[PDB]
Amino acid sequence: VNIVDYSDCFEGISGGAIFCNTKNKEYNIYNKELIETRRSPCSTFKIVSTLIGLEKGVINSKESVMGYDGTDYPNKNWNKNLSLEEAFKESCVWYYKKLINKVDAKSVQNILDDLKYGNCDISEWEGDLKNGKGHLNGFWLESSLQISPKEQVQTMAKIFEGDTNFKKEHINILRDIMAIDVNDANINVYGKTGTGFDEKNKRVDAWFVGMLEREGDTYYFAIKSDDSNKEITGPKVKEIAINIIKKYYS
């Protein structure tokens, strides 16, 4: 466990980062207190909910559809019978809500327990209804489920090193749709952003979680902001993560 200083890449935004290489058990931590604090995963939960849907047969491949019903949404890409790959990349809430609501709560509880997914608290299945957004909510969106950045990395490592019971074919579908382009062919980066606002504490929950493969070694990472500036989003923290990767992990 090496404490590191990545502040220069955070451009004055408050947050922290953790990178773990499981071959040599090298844990690099910036802002240890934040890295151990549990927070709502927001859209980073799509990493796990995709695997749940695959395991239960609700979806089967990166082409799988969830039967769009014609409901009007402001994001033009949500207004179609989109595939799993497009729903993941466009963060289509209705698709992932419909997916999870086809799965019984016991099954979800047991999968989260097996993954040690933070507090594994799905008690508020419907999510944070007081925000007025009705069915666009759920337990993983600023609600009962909370996970620390360190626990995110531990979960990613267990999934993608083959240490869970999820099928290898399903893990590879996730890998496929998580891959991003960082304009550097010499590193493979995979990840997912998440964005929420913590109304109790008036701070953002802005995430980028994933992995990086660079010539033999693999690092699992979580970058997290808790800034009070509402302009700080998941996509903003992904930019910060990319800067760290290129500066320190290239």
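Residues carry their position along the shown sequence, with the first being 1.
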Look over 184-192 and 25-33 in the entry and identify the one with the greater average Cα temperature factor.
25-33
Identify the stretch, either 214-222 or 45-53, whose C-alpha atoms have the larger mean B-factor according to the entry.
214-222
CA B-factor ranking of residue 206, expressed as a third of its chain:
middle
Where the record places residue 79 (Cα B-factor, split into thirds across the chain)
lowest
How does residue 131 rank on Cα B-factor within its chain, lowest, middle or highest third?
middle
Residue 155: which third of its chain by C-alpha temperature factor?
lowest
Place residue 62 in the lowest, middle or highest third of its chain's C-alpha B-factors, as listed in the PDB entry.
middle
